[PDB]
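Okay, structure first, notes after.
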Amino acid sequence: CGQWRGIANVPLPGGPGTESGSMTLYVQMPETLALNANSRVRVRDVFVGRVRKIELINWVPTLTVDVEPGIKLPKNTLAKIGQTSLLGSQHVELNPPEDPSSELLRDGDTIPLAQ
Amino acid sequence: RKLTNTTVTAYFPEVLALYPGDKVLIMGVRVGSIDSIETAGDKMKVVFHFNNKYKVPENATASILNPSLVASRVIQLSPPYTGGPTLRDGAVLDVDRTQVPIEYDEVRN
Amino acid sequence: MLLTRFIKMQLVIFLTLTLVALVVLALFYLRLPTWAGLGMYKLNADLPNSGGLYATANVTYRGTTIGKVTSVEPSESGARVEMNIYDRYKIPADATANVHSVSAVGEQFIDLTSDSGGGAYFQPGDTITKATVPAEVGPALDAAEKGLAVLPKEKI
Amino acid sequence: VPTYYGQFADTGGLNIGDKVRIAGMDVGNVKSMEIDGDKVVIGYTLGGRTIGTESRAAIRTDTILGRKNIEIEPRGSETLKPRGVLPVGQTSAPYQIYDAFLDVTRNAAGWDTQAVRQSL
Amino acid sequence: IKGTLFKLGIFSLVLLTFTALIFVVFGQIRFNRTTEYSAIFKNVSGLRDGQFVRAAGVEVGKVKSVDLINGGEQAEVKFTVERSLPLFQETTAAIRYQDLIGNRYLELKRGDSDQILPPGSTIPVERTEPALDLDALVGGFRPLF
Amino acid sequence: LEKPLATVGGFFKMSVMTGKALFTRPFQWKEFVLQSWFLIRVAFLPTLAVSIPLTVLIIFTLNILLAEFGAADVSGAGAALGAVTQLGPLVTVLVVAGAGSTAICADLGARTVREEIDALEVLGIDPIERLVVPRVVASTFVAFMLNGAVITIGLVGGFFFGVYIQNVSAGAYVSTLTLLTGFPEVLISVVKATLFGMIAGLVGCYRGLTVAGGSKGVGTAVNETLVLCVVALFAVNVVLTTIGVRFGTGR
Amino acid sequence: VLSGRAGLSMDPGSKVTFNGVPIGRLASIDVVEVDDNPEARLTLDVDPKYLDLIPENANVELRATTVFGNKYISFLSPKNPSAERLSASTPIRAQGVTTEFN
Amino acid sequence: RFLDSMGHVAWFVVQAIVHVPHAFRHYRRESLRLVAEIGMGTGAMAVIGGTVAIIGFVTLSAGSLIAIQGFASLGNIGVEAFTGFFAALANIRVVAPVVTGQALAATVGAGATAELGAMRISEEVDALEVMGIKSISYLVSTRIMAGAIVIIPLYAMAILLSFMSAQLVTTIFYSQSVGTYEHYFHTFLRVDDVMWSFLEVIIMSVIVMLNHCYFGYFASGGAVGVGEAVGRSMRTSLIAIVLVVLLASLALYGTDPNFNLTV
């Protein structure tokens, strides 16, 4: 009731990131470009996740992202909010950098504002 | 509907997405419609009509326009009437005084 | 039995209404002679690439429709297009089959272009070998991105 | 509500019911478009607001799909009475997107591109 | 009739709950305590009432009203911002496209200063900017072409 | 033309007397409750059984056409639009005229042929206030609630079908519902539902009170009730649709 | 079909074409960790009528239809086609994916 | 109970179907009378045109609704020349079959249910059985044959009037050009869709006639019970028509949507 943000911002069931073993990440974006929850998280342009909450903490938007199990992401992954099509939706790309690191993003890890 | 308006024949090099019954405009205001479109040699002969209330200069230039991305193409008589000789009934417009839209294929090419 | 001549009037008026409705729907609304191919001869064309052309797409002569595409099927050298054209339209034998797109959302079609606009005419069952296809959007976007990304912005 | 008027050289694809806005916010609609000789008289309403006799009316493209609307910039201290007509010299027509595509494509189609590359 | 009364009451309660949920979903009704701010724009470019106010892209309020000021020269926009979100002295505002159809929204950037803007203030036109204004862009290509 | 005009005048007079009794004489809570529950129980399961496959069919058609168009991210938008402006009111029209209007006409015809109307009349009781008014109010209430339920169930079923069958995006569905739908659409839907319920109740009651008795009177009365309700509700729906699209959300 | 990236507006149901003519449809897209690097793997359900027509050396491009539309998988005949014809056991690769508007 | 009820309706439909050749070879005059009655209505509804007029009005209303809402929404977005094509894909696919089915259900099905219930109450079914005449073959099979004969002209008129209403509303009330509407309509309409819709409608009409004749043949409770029979038959007809159209559209266009715009 108090946190009601509309029918677009309610976490929906099904799809990638909802099955058991899906990992949860926090992405501190500078600006979300009017992104909605239940948007697609894409690794290599493949729909492999869903963004759960877009809460704003201390005036920096932090996204809660659920990604399906079996995807390895280096701790220095680059997160980037982009547009899927001109007359269409938006998405969050999680692409590895040009120098991926050995350590991997675990459950509960955070992608800082620098990335 | 005959003899209540003025009918003009115009020859074009290409008539794409223009159909009989499409609107004729003056300065963006509907003044008539298009009667028929038939091939004449290497040209396309389009017979249209505009209401006899309005007057059109004898040296008018009928240009086919595509108003937006998806719309109905219209024949617009570009120079609005300010006096002088007027476009009489049964006049023929050749290719030298007609225009066509740019087309999307030409833009891509 | 029966034949009250009031039921007969209903039967005949219903039959007349049925015939009128069926004829009007088949001629002026569905165009059954065009769908079947009445008064139309078959033509063929060879394309280096389909260009997105599909079946039932219009066949045009300088933009005015004179037929419909019946089938588009892949081949070894490109695509083979079979179309039906009304017998009242005679096209020159030196024409080209240009695949075109009406707008930026779609609606492909094929235009038969003849600069001469005269001479020998194609016969039914023939094939047009000279064809062209528009530049694809993907190559144009790639070319734009490459040609813009190479410019040294710091030097600008 | 009172109906005001304006003089335009071309409707620019404007339709009845298209918005009329001042400083970006909607104030009225378009009611009529009549051919009066060399000009097009476009009637509109301002929703009870007052604009000066020196206001500027501009037909403009709002969206890429082809929606047009009128923008008003009020000027002057005199008040325009109802059924007032703005001068043709205080009104302007838009540059159509299809005009832009026509211009750029017809100009680029005549270029001798090899000569341009050689010159650069 | 007691059982019939109970059954009718329950069924009507559920179906009116569905009808009210329809109204809440398609009327953009929010139930959060807000604060009323104001901002001055040289041009709002199609901003309406009820459109969203987003702080760094995250929705935090709704637009209350827009009204002309300075004789139609400027437009003052009165909007709402979530009470938990404090604006600041350098907190700037902008009007951003939502899609290519014509829907807009208000966008608030925090700025740099830590001086809290008191509630009910006004953001001056010095740090407010309009949207794309597509007609200006299309007409600017004319001299080049 | 004289006989249809006289019947229309009689219907208008009966509706006027119904309104006068509604706004003047005390309301019947018991009969209103009973008729509301009866109309709910006779037109609740058919309502869902007609709405769910119809909305699934419309969502399937919309999704395939949009996917061929290429713009399948706006599948929610149209999904909401029709479901608020046409599917809700039209499913209400069908299942009300078929079930509730016919049930009311049959019940009042049964009371008429059994001389219960005359039994009421000899005790000085006006039939209209005691019977017709609660029936019409119940019909309007039921039509309103059923329209709301139809819209909600249709939207949810369309979402589930599209996402779990045609592999459309859930976010592109739930975030585009409000793109072409707002307060004008839900308001015109509510107005349509209330008017349809009122008209259906009025026609059902009027035909039930003027049943011809005999052996085929009640069946003919119910058939004519259904046909009149269908035609009148479709005409009213067309008029209200024009009025509602005049105050459209996109404009 | 293996590629570096799948491409935006490429979802199951996207047409697969040979010489521009549709011959099938895309079935699924997955992410495969090839040499410690994610790559897009596309599963195409194609009618086996046209398999005899497509050479093994066909070029695969994840081109785009229009500016607004979605992408499609295109197969093209190379300059020197191989006499062998492709099947379910022949691994294939995508020459390039068209650049996104981003 | 439930299984026995299903067996009862299964026996009724089997008995009605198997007696169609007997009715065709022995009850030609009854079939012609029923065809005239269905095509020109009966009772007080036969003076306004009967089933033809009701079908026409309801289909005109549906086509008007499609054209109005489509043109409004597409003009608000901006791409309003597609309305024509859109209208076609609204009529053939989902609107015209279902609406024509519901109107046919109402008119013809309720009339048949009322007639059969009246005969059951008036003991004319018993009168038929007394003369050694197959009651079900004489009534239900003849009704089914008349309905199958009459559905095709009715649905053709319904399709024609829906198309005409959509075209007139778009190109006269909204003043769109007739050329653009006709081009998009005749370009994005497939006659295959119309033929498969006709088959859907024939199947739906046979099912509706079976259901209504079943409800009218086993009526009980005097003249009061005929009304309840009509109501139940109408509810069942609604459900059956919607289910039939849904299943047929799912089967026909499940894999090939039979529509192409882009490359």
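Residues in the structure tokens are numbered from 1 in each chain, the chains being A, B, ... in the order shown, and ligands are numbered from 1 in the order shown.
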
Output the contact residues of chain F with respect to chain D at a cut-off of 12 Å, based on only C-alpha atoms, as a compact mmCIF listing (two decimals) with N, CA and C atoms, in the first residue's frame.
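As written to disk, result.txt reads:
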# COMPACT_ATOMS: atom_id res chain seq x y z
N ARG F 246 -14.66 10.06 -28.22
CA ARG F 246 -14.50 11.51 -28.34
C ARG F 246 -13.60 12.06 -27.24
N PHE F 247 -13.76 11.56 -26.01
CA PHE F 247 -12.87 11.91 -24.90
C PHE F 247 -11.78 10.85 -24.72
N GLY F 248 -11.03 10.60 -25.79
CA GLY F 248 -10.05 9.54 -25.77
C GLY F 248 -8.83 9.88 -24.95
N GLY F 250 -5.64 8.94 -25.72
CA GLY F 250 -4.54 9.33 -26.59
C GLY F 250 -4.59 10.78 -27.04
N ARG F 251 -5.77 11.39 -27.02
CA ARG F 251 -5.92 12.78 -27.43
C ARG F 251 -6.15 13.66 -26.21

Would you list which chain A residues are within 12 Å of chain F using only C-alpha atoms, as a PyMOL selection string? chain A and resi 5-16+34-41+47+49-52+84-91

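Within 10 Å of chain A, chain G contributes the residues residues 3, 4, 5, 6, 7, 8, 9, 10, 11, 29, 30, 31, 32, 33, 36, 37, 38, 39, 40, 41, 67, 68, 69, 70, 100, 101 and 102 of chain G, using only C-alpha atoms.
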
Take the residues from that selection and put them in a file with C-alpha atoms, as a JSON list (two decimals), in the first residue's frame.
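Result written to again-v4.json:
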[["chain", "number", "residue", "atom", "x", "y", "z"],
["G", 3, "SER", "CA", 27.75, -16.20, -32.25],
["G", 4, "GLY", "CA", 29.52, -13.66, -30.09],
["G", 5, "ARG", "CA", 26.23, -11.98, -29.17],
["G", 6, "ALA", "CA", 22.62, -12.88, -29.94],
["G", 7, "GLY", "CA", 21.50, -9.38, -30.87],
["G", 8, "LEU", "CA", 18.67, -7.31, -29.44],
["G", 9, "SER", "CA", 15.14, -7.88, -30.76],
["G", 10, "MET", "CA", 16.03, -11.53, -31.40],
["G", 11, "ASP", "CA", 13.55, -13.73, -29.53],
["G", 29, "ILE", "CA", 18.71, -18.90, -27.40],
["G", 30, "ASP", "CA", 21.13, -19.86, -24.62],
["G", 31, "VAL", "CA", 24.43, -18.67, -23.14],
["G", 32, "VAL", "CA", 27.35, -21.10, -23.47],
["G", 33, "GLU", "CA", 30.65, -20.67, -21.60],
["G", 36, "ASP", "CA", 35.71, -19.04, -20.25],
["G", 37, "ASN", "CA", 33.73, -16.56, -22.36],
["G", 38, "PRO", "CA", 29.94, -16.33, -22.75],
["G", 39, "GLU", "CA", 28.65, -16.76, -26.29],
["G", 40, "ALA", "CA", 25.15, -16.96, -27.74],
["G", 41, "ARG", "CA", 23.89, -20.33, -29.01],
["G", 67, "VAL", "CA", 14.70, 0.30, -37.83],
["G", 68, "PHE", "CA", 11.63, -0.54, -35.72],
["G", 69, "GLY", "CA", 11.38, -4.28, -36.38],
["G", 70, "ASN", "CA", 13.10, -7.31, -34.91],
["G", 100, "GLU", "CA", 22.52, -1.97, -32.11],
["G", 101, "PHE", "CA", 21.13, 1.56, -31.97],
["G", 102, "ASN", "CA", 22.70, 1.95, -28.52]]

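With distances restricted to only C-alpha atoms, H:79 is the closest residue to chain D from H:79, H:243, H:263, H:148.
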
Tell me, counting only C-alpha atoms, for each residue of chain C within 9 Å of chain B, which pair of atoms is nearest and how far apart they are in Å to one decimal, in rows ordered by chain and increasing number, as a Markdown table.
| residue | atom | partner | partner_atom | distance |
| --- | --- | --- | --- | --- |
| C:60 | CA | B:16 | CA | 8.9 |
| C:61 | CA | B:39 | CA | 8.2 |
| C:62 | CA | B:14 | CA | 5.3 |
| C:63 | CA | B:16 | CA | 4.1 |
| C:64 | CA | B:16 | CA | 6.6 |
| C:100 | CA | B:105 | CA | 6.8 |
| C:101 | CA | B:105 | CA | 6.7 |
| C:102 | CA | B:104 | CA | 7.1 |
| C:103 | CA | B:104 | CA | 5.9 |
| C:104 | CA | B:104 | CA | 6.8 |
| C:105 | CA | B:70 | CA | 8.4 |
| C:114 | CA | B:42 | CA | 7.4 |
| C:115 | CA | B:42 | CA | 6.5 |
| C:116 | CA | B:42 | CA | 6.7 |
| C:117 | CA | B:42 | CA | 5.0 |
| C:118 | CA | B:41 | CA | 7.2 |
| C:134 | CA | B:105 | CA | 6.3 |
| C:135 | CA | B:109 | CA | 5.7 |
| C:136 | CA | B:108 | CA | 7.8 |
| C:137 | CA | B:108 | CA | 7.5 |
| C:140 | CA | B:108 | CA | 7.7 |

Restrict the selected residues to N, CA and C atoms and save them as a PDB file, in the first residue's frame.
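For reference, out_16.pdb as written:
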ATOM      1  N   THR C  60       3.496  -4.418 -59.260  1.00  0.00           N
ATOM      2  CA  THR C  60       3.196  -3.069 -59.710  1.00  0.00           C
ATOM      3  C   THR C  60       3.981  -2.735 -60.970  1.00  0.00           C
ATOM      4  N   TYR C  61       3.418  -1.829 -61.760  1.00  0.00           N
ATOM      5  CA  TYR C  61       4.080  -1.243 -62.922  1.00  0.00           C
ATOM      6  C   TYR C  61       4.145   0.258 -62.665  1.00  0.00           C
ATOM      7  N   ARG C  62       5.302   0.729 -62.189  1.00  0.00           N
ATOM      8  CA  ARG C  62       5.498   2.126 -61.790  1.00  0.00           C
ATOM      9  C   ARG C  62       4.536   2.526 -60.673  1.00  0.00           C
ATOM     10  N   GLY C  63       4.285   1.598 -59.751  1.00  0.00           N
ATOM     11  CA  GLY C  63       3.533   1.865 -58.547  1.00  0.00           C
ATOM     12  C   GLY C  63       2.073   1.456 -58.585  1.00  0.00           C
ATOM     13  N   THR C  64       1.495   1.262 -59.767  1.00  0.00           N
ATOM     14  CA  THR C  64       0.098   0.861 -59.870  1.00  0.00           C
ATOM     15  C   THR C  64       0.009  -0.658 -59.965  1.00  0.00           C
ATOM     16  N   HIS C 100      10.713  -3.637 -53.818  1.00  0.00           N
ATOM     17  CA  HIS C 100      10.615  -2.346 -53.159  1.00  0.00           C
ATOM     18  C   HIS C 100       9.859  -2.489 -51.847  1.00  0.00           C
ATOM     19  N   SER C 101      10.045  -1.504 -50.973  1.00  0.00           N
ATOM     20  CA  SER C 101       9.312  -1.398 -49.718  1.00  0.00           C
ATOM     21  C   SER C 101       8.582  -0.063 -49.694  1.00  0.00           C
ATOM     22  N   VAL C 102       7.295  -0.094 -49.337  1.00  0.00           N
ATOM     23  CA  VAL C 102       6.470   1.109 -49.428  1.00  0.00           C
ATOM     24  C   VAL C 102       6.923   2.152 -48.413  1.00  0.00           C
ATOM     25  N   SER C 103       7.136   1.737 -47.169  1.00  0.00           N
ATOM     26  CA  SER C 103       7.495   2.659 -46.099  1.00  0.00           C
ATOM     27  C   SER C 103       8.522   1.977 -45.204  1.00  0.00           C
ATOM     28  N   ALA C 104       8.804   2.599 -44.062  1.00  0.00           N
ATOM     29  CA  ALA C 104       9.817   2.094 -43.146  1.00  0.00           C
ATOM     30  C   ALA C 104       9.292   1.020 -42.205  1.00  0.00           C
ATOM     31  N   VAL C 105       8.008   0.674 -42.288  1.00  0.00           N
ATOM     32  CA  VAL C 105       7.451  -0.381 -41.450  1.00  0.00           C
ATOM     33  C   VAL C 105       7.292  -1.704 -42.196  1.00  0.00           C
ATOM     34  N   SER C 114      10.186  -0.499 -66.956  1.00  0.00           N
ATOM     35  CA  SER C 114      10.655  -0.486 -68.338  1.00  0.00           C
ATOM     36  C   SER C 114      10.819   0.964 -68.769  1.00  0.00           C
ATOM     37  N   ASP C 115      12.072   1.397 -68.933  1.00  0.00           N
ATOM     38  CA  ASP C 115      12.335   2.769 -69.360  1.00  0.00           C
ATOM     39  C   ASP C 115      11.791   3.029 -70.760  1.00  0.00           C
ATOM     40  N   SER C 116      11.987   2.080 -71.678  1.00  0.00           N
ATOM     41  CA  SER C 116      11.442   2.228 -73.024  1.00  0.00           C
ATOM     42  C   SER C 116       9.918   2.234 -73.008  1.00  0.00           C
ATOM     43  N   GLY C 117       9.313   1.353 -72.218  1.00  0.00           N
ATOM     44  CA  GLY C 117       7.862   1.278 -72.148  1.00  0.00           C
ATOM     45  C   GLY C 117       7.201   0.854 -73.441  1.00  0.00           C
ATOM     46  N   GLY C 118       7.837  -0.038 -74.190  1.00  0.00           N
ATOM     47  CA  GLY C 118       7.272  -0.485 -75.449  1.00  0.00           C
ATOM     48  C   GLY C 118       8.139  -1.552 -76.075  1.00  0.00           C
ATOM     49  N   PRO C 134      16.812  -3.683 -52.666  1.00  0.00           N
ATOM     50  CA  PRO C 134      17.279  -2.489 -51.953  1.00  0.00           C
ATOM     51  C   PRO C 134      18.399  -2.810 -50.977  1.00  0.00           C
ATOM     52  N   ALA C 135      19.136  -1.764 -50.611  1.00  0.00           N
ATOM     53  CA  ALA C 135      20.193  -1.905 -49.620  1.00  0.00           C
ATOM     54  C   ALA C 135      19.591  -2.214 -48.255  1.00  0.00           C
ATOM     55  N   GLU C 136      20.131  -3.232 -47.594  1.00  0.00           N
ATOM     56  CA  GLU C 136      19.575  -3.690 -46.331  1.00  0.00           C
ATOM     57  C   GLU C 136      19.920  -2.719 -45.206  1.00  0.00           C
ATOM     58  N   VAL C 137      19.079  -2.718 -44.169  1.00  0.00           N
ATOM     59  CA  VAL C 137      19.239  -1.775 -43.065  1.00  0.00           C
ATOM     60  C   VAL C 137      20.463  -2.118 -42.222  1.00  0.00           C
ATOM     61  N   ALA C 140      23.706  -0.797 -43.663  1.00  0.00           N
ATOM     62  CA  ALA C 140      23.746   0.659 -43.561  1.00  0.00           C
ATOM     63  C   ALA C 140      24.060   1.105 -42.138  1.00  0.00           C
TER      64      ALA C 140
END

Counting only C-alpha atoms, collect the residues of chain F whose closest atom lies at most 7 Å from chain H, and write them out as an mmCIF file with N, CA, C and O atoms, in the first residue's frame.
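Listed below is the output, iface.cif:
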data_model
loop_
_atom_site.group_PDB
_atom_site.id
_atom_site.type_symbol
_atom_site.label_atom_id
_atom_site.label_comp_id
_atom_site.auth_asym_id
_atom_site.auth_seq_id
_atom_site.Cartn_x
_atom_site.Cartn_y
_atom_site.Cartn_z
ATOM 1 N N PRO F 46 -21.407 -18.804 -16.510
ATOM 2 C CA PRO F 46 -21.349 -18.488 -17.947
ATOM 3 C C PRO F 46 -20.513 -17.263 -18.259
ATOM 4 O O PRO F 46 -19.870 -17.216 -19.313
ATOM 5 N N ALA F 49 -16.984 -18.459 -18.292
ATOM 6 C CA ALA F 49 -16.834 -19.435 -19.365
ATOM 7 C C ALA F 49 -16.903 -18.808 -20.751
ATOM 8 O O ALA F 49 -16.478 -19.441 -21.723
ATOM 9 N N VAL F 50 -17.446 -17.598 -20.872
ATOM 10 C CA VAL F 50 -17.479 -16.908 -22.158
ATOM 11 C C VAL F 50 -16.324 -15.915 -22.232
ATOM 12 O O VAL F 50 -15.743 -15.704 -23.302
ATOM 13 N N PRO F 53 -12.176 -17.860 -22.733
ATOM 14 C CA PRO F 53 -11.774 -18.196 -24.110
ATOM 15 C C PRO F 53 -11.805 -17.017 -25.066
ATOM 16 O O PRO F 53 -10.962 -16.953 -25.968
ATOM 17 N N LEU F 54 -12.729 -16.070 -24.894
ATOM 18 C CA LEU F 54 -12.782 -14.925 -25.800
ATOM 19 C C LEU F 54 -11.552 -14.039 -25.644
ATOM 20 O O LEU F 54 -10.937 -13.627 -26.638
ATOM 21 N N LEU F 57 -8.562 -15.808 -27.098
ATOM 22 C CA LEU F 57 -8.569 -15.703 -28.554
ATOM 23 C C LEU F 57 -8.081 -14.336 -29.017
ATOM 24 O O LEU F 57 -7.267 -14.238 -29.946
ATOM 25 N N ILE F 58 -8.560 -13.270 -28.373
ATOM 26 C CA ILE F 58 -8.167 -11.925 -28.785
ATOM 27 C C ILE F 58 -6.685 -11.689 -28.511
ATOM 28 O O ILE F 58 -5.979 -11.092 -29.332
ATOM 29 N N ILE F 64 0.028 -12.633 -32.362
ATOM 30 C CA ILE F 64 0.577 -13.115 -33.628
ATOM 31 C C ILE F 64 0.673 -11.976 -34.642
ATOM 32 O O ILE F 64 1.684 -11.845 -35.350
ATOM 33 N N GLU F 68 4.274 -10.594 -36.187
ATOM 34 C CA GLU F 68 4.509 -10.429 -37.619
ATOM 35 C C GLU F 68 4.812 -8.976 -37.967
ATOM 36 O O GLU F 68 5.667 -8.696 -38.816
ATOM 37 N N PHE F 69 4.109 -8.038 -37.327
ATOM 38 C CA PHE F 69 4.412 -6.620 -37.489
ATOM 39 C C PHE F 69 5.810 -6.285 -36.987
ATOM 40 O O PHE F 69 6.457 -5.371 -37.509
ATOM 41 N N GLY F 98 -28.622 -12.906 -22.312
ATOM 42 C CA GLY F 98 -28.899 -14.328 -22.375
ATOM 43 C C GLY F 98 -29.402 -14.905 -21.064
ATOM 44 O O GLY F 98 -30.346 -15.700 -21.058
ATOM 45 N N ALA F 99 -28.795 -14.524 -19.933
ATOM 46 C CA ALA F 99 -29.121 -15.179 -18.674
ATOM 47 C C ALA F 99 -30.099 -14.377 -17.819
ATOM 48 O O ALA F 99 -31.220 -14.826 -17.570
ATOM 49 N N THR F 102 -33.485 -12.889 -19.619
ATOM 50 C CA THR F 102 -34.384 -14.004 -19.890
ATOM 51 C C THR F 102 -34.940 -14.600 -18.603
ATOM 52 O O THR F 102 -36.117 -14.971 -18.548
ATOM 53 N N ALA F 103 -34.115 -14.693 -17.555
ATOM 54 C CA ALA F 103 -34.593 -15.219 -16.280
ATOM 55 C C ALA F 103 -35.657 -14.317 -15.670
ATOM 56 O O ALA F 103 -36.671 -14.802 -15.155
ATOM 57 N N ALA F 106 -38.861 -14.669 -17.703
ATOM 58 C CA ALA F 106 -39.508 -15.942 -17.407
ATOM 59 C C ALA F 106 -40.172 -15.926 -16.037
ATOM 60 O O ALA F 106 -41.286 -16.434 -15.878
ATOM 61 N N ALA F 110 -44.106 -16.256 -15.348
ATOM 62 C CA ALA F 110 -44.627 -17.290 -14.461
ATOM 63 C C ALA F 110 -45.567 -16.699 -13.421
ATOM 64 O O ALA F 110 -46.623 -17.272 -13.131
ATOM 65 N N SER F 215 -49.895 -21.582 -24.056
ATOM 66 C CA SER F 215 -48.881 -22.621 -23.958
ATOM 67 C C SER F 215 -47.535 -22.229 -24.548
ATOM 68 O O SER F 215 -46.527 -22.855 -24.206
ATOM 69 N N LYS F 216 -47.489 -21.219 -25.417
ATOM 70 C CA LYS F 216 -46.238 -20.727 -25.982
ATOM 71 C C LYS F 216 -45.988 -19.264 -25.625
ATOM 72 O O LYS F 216 -45.067 -18.647 -26.173
ATOM 73 N N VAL F 218 -44.950 -17.793 -22.699
ATOM 74 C CA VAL F 218 -43.743 -17.510 -21.929
ATOM 75 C C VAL F 218 -42.495 -17.715 -22.782
ATOM 76 O O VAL F 218 -41.543 -16.932 -22.704
ATOM 77 N N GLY F 219 -42.480 -18.759 -23.614
ATOM 78 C CA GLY F 219 -41.335 -18.974 -24.485
ATOM 79 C C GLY F 219 -41.154 -17.862 -25.500
ATOM 80 O O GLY F 219 -40.037 -17.381 -25.721
ATOM 81 N N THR F 220 -42.254 -17.431 -26.124
ATOM 82 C CA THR F 220 -42.194 -16.307 -27.052
ATOM 83 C C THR F 220 -41.763 -15.034 -26.336
ATOM 84 O O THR F 220 -40.977 -14.244 -26.874
ATOM 85 N N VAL F 222 -39.827 -14.794 -23.662
ATOM 86 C CA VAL F 222 -38.399 -14.868 -23.366
ATOM 87 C C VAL F 222 -37.571 -14.653 -24.628
ATOM 88 O O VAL F 222 -36.552 -13.947 -24.607
ATOM 89 N N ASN F 223 -37.990 -15.250 -25.748
ATOM 90 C CA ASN F 223 -37.256 -15.076 -26.998
ATOM 91 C C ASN F 223 -37.251 -13.615 -27.440
ATOM 92 O O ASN F 223 -36.203 -13.066 -27.814
ATOM 93 N N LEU F 226 -34.972 -11.545 -25.205
ATOM 94 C CA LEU F 226 -33.565 -11.702 -25.545
ATOM 95 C C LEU F 226 -33.202 -10.920 -26.800
ATOM 96 O O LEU F 226 -32.169 -10.241 -26.837
ATOM 97 N N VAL F 227 -34.041 -10.999 -27.839
ATOM 98 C CA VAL F 227 -33.735 -10.295 -29.084
ATOM 99 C C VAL F 227 -33.734 -8.784 -28.869
ATOM 100 O O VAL F 227 -32.828 -8.072 -29.334
ATOM 101 N N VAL F 231 -30.442 -6.258 -29.328
ATOM 102 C CA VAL F 231 -30.426 -5.148 -30.283
ATOM 103 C C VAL F 231 -30.226 -3.818 -29.560
ATOM 104 O O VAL F 231 -29.390 -2.989 -29.957
ATOM 105 N N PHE F 234 -26.678 -3.437 -28.137
ATOM 106 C CA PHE F 234 -25.679 -3.167 -29.169
ATOM 107 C C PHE F 234 -25.758 -1.725 -29.665
ATOM 108 O O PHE F 234 -24.722 -1.073 -29.857
ATOM 109 N N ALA F 235 -26.973 -1.201 -29.866
ATOM 110 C CA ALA F 235 -27.106 0.193 -30.290
ATOM 111 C C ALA F 235 -26.554 1.151 -29.235
ATOM 112 O O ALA F 235 -25.816 2.098 -29.552
ATOM 113 N N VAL F 238 -22.808 1.109 -29.243
ATOM 114 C CA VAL F 238 -22.225 1.888 -30.337
ATOM 115 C C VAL F 238 -22.222 3.374 -29.990
ATOM 116 O O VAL F 238 -21.208 4.071 -30.155
ATOM 117 N N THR F 242 -18.844 5.741 -29.319
ATOM 118 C CA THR F 242 -18.528 6.988 -30.014
ATOM 119 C C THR F 242 -18.286 8.118 -29.016
ATOM 120 O O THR F 242 -17.290 8.855 -29.110
ATOM 121 N N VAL F 245 -14.891 7.554 -27.169
ATOM 122 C CA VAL F 245 -13.702 7.814 -27.972
ATOM 123 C C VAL F 245 -13.581 9.286 -28.328
ATOM 124 O O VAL F 245 -12.497 9.728 -28.726
ATOM 125 N N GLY F 250 -5.640 8.944 -25.724
ATOM 126 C CA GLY F 250 -4.537 9.333 -26.586
ATOM 127 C C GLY F 250 -4.590 10.775 -27.043
ATOM 128 O O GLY F 250 -3.554 11.334 -27.417
ATOM 129 N N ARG F 251 -5.768 11.389 -27.019
ATOM 130 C CA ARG F 251 -5.916 12.777 -27.428
ATOM 131 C C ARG F 251 -6.146 13.663 -26.209
ATOM 132 O O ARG F 251 -5.945 14.875 -26.256
#

If you measure from atom CA of residue 44 of chain D to atom CA of residue 40 of chain E, what distance in Å do you get, rounded to one decimal? 26.3 Å

Long-range neighbours of residue 54 of chain A as an MDAnalysis selection string, 10 Å cut-off, only C-alpha atoms, 5 positions minimum in chain: (chainID A and resid 9 26:29 32 35:38 61:65) or (chainID E and resid 57:59)

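You will find atom CA of residue 84 of chain E at 14.6 Å from atom CA of residue 62 of chain E.
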
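Summary of the local environment: counting only C-alpha atoms, residues at most 7 Å from residue 17 of chain G, other than itself and those fewer than 4 positions away along its chain, are residues 21, 22, 23, 24, 73, 74 and 75 of chain G.
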
Could you dump the residues just selected with C-alpha atoms as a compact mmCIF listing (two decimals), in the first residue's frame?
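Final output, saved to again.txt:
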# COMPACT_ATOMS: atom_id res chain seq x y z
CA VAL G 21 13.15 -16.43 -48.07
CA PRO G 22 11.96 -17.87 -44.73
CA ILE G 23 12.83 -21.55 -44.31
CA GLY G 24 12.23 -21.90 -40.60
CA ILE G 73 18.82 -15.12 -38.99
CA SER G 74 19.93 -15.05 -42.64
CA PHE G 75 21.81 -17.77 -44.51
